[PDB]
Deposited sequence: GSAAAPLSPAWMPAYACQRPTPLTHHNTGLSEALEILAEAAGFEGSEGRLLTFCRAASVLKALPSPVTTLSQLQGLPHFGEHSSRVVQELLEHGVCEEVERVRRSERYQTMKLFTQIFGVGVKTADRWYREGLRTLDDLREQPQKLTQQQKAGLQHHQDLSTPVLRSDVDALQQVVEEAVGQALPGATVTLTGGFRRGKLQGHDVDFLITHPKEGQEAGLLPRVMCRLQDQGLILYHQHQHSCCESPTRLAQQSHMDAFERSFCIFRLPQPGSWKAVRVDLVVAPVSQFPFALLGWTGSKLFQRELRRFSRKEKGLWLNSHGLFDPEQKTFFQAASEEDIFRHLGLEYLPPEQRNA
């Protein structure tokens, strides 16, 4: 009664197993910091299964037959049900390695590989990194300067204000172009740590060259604190009462023929999209990305006019964005 891929079941934003899923996600995150992508995936998938259940897990028996629950994930749940805490999870949380890898990987421009090297060199705090700016890229410098602001989530009201400024710039860059809110806010989140916009134009081809024109206009308005094409990873000035704060904004352009695929990809969740691409290839023999859906036997691309089309192509029941919170 629980399908094995996250894209085969609705997953709402809020659910009935929050504590259990959060603990499994700690172990997933820690597996990522050690470079164990397989373990990360399993713990992420197990957490997601609990998010999709219709009521709380209260007894170990209720895990029987659920996909992605084996000896390890079941033991974690069992300990939480019996004692309210899982010793393995708590040991991770307190560990110097987990806490430092988490802090460093939060920096825009720092991934697991860079964080781990710094950890191995003995660095532990943000002020440690500031004292040696010779080891920092310009991107990492911006990420470190703006880290505090970027650590606080923004509200949907902020997002709506940002969308108006983006729409103004896009309208001058290319009249008729449109701006769509994607990412977690499209899935229903009321607050989140970045904001994502997808830009297209109804006349195929007109969007060529658009992103540089948009960026120049936003820069000219004084709104761009940092930027580096079709994807732009920016830090924007967001107005706040009497002041402002830095916010991470991603801008993406797609031709209208690809828009459904780009909308689907950029709406997430990350696990949902990895699972959907895995399902596509392994179960359907079709190759999915944010540009299209390829049949490698006929050597053809599916045309889609909507996300609904893509779900139909793949033989999946349609899930609205609010149900893609895997």
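Mapping the modelled residues onto the deposited sequence reveals missing stretches at 1-10, 239-258.
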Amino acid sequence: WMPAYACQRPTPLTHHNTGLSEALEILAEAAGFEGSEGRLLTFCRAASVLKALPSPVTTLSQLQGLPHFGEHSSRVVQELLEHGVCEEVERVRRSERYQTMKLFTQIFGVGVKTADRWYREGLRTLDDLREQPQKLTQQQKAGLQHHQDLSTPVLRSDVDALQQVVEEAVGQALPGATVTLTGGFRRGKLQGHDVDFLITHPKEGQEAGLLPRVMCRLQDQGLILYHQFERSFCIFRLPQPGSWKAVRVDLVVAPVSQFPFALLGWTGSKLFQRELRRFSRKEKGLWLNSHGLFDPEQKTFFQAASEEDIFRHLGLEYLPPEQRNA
From here on, numbers count along this sequence of modelled residues.
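Basically, rigid core = biggest C-alpha set you can superpose within 1.5 Å across the two forms.
After a core fit, the C-alpha atoms in 8 other deposited structures of this protein lie farther on average from the shown form in one of 57-65 and 287-295, namely 57-65. Each structure in 8 other deposited structures of this protein is fitted to the shown form on the rigid core, and of 119-127 and 229-237 the C-alphas lie farther away on average for 229-237.
Mean C-alpha B-factor is higher over 293-301 than over the other stretch, the pair under comparison being 267-275 and 293-301. As listed in the deposited structure, the average C-alpha B-factor of 181-189 and of 154-162 is greater for 154-162. For the set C234, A173, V253, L238, the PDB entry puts the maximum C-alpha B factor at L238. Highest C-alpha temperature factor among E204, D149, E96, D196, as the PDB entry reports it: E96. In this PDB entry, the Cα temperature factor of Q140 sits in the middle third of its chain's modelled residues. Among all modelled residues in this chain, the alpha-carbon of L66 has a temperature factor (C-alpha) in the highest third. The PDB entry assigns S48 a C-alpha temperature factor belonging to the lowest third of its chain's modelled residues.
Annotation for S73: C-alpha temperature factor in the middle third relative to the rest of the modelled chain, per the entry. When the modelled residues of the chain are ordered by C-alpha B-factor, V247 sits in the lowest third.
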